[PDB]
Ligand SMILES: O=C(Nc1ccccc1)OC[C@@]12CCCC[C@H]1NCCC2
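Let's start with one chain on its own, the form deposited without this ligand, as structure tokens.
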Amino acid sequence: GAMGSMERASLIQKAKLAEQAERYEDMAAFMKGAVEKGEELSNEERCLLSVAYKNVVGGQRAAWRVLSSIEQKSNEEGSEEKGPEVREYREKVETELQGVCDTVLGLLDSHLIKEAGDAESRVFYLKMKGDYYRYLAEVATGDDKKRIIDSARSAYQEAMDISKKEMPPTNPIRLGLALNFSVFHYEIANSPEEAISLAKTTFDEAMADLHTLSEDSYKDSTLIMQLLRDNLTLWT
């Protein structure tokens, strides 16, 4: 642990500075160091961890997609042989992406999930576990691909079960979990009907609970509900 000598509070402070400076790799390294102090994370600290790695892996995914598209075009008929370089470089980016996913999953397994007892923390971490297995599934092609997909499904499903029992239907974590699990169904599991059904039921149940909320909570919930609607519009 390269951050072993830095105070927990200083790591959190620097993660926030790194975010302001749009230095997301630094932000992720600082948050990994904070997690490795062994204490539970607060709600805000969980957000910092998620933002950092979402931005890092999001950039890797975007690059992987660009390279994969070039590689596919290089393998079509009439294409001129350009050597192993496209595959090699796609593989380089892919291996780095897998390394980041493995790091996040490692933090969740050692030992964030097992210490998370409140729904707001446990659902959030299980959602993250589903997300990072989903990113592994996006690039997977080997003997373990079905097991990777099933690991994502299982994490999302445990999060869903807790969220439905312990959170109101407008809770933003519950909504974001459903948003992402719906995307999992559509893009990973080849289950577009399940994706659409989940997004629609989630949206409708949230709508019916908005009446209970303050103006600020309403803003938070409707923001995520709009993402559900956006995906439904894309898919129907």
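Each residue number is its position in the shown sequence, starting from 1.
Just so it is clear, the following notes concern the form solved in complex with this ligand, a form of the same protein that is not shown.
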| item | value |
| --- | --- |
| In the entry with it bound, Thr212 touching this ligand (heavy atom, 4.5 Å) | no |
| 4.5 Å heavy atom contact, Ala189 and this ligand in the entry with it bound | no |
| Partner contact for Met225 in the entry with it bound: this ligand, 4.5 angstroms, heavy atom | yes |
| Close approach of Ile70 to this ligand in the entry with it bound, 4.5 Å, heavy atom | no |
| Sequence-ordered list of residues in 186-207 near this ligand in the entry with it bound, where near means a heavy atom within 4.5 Å | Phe203, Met207 |
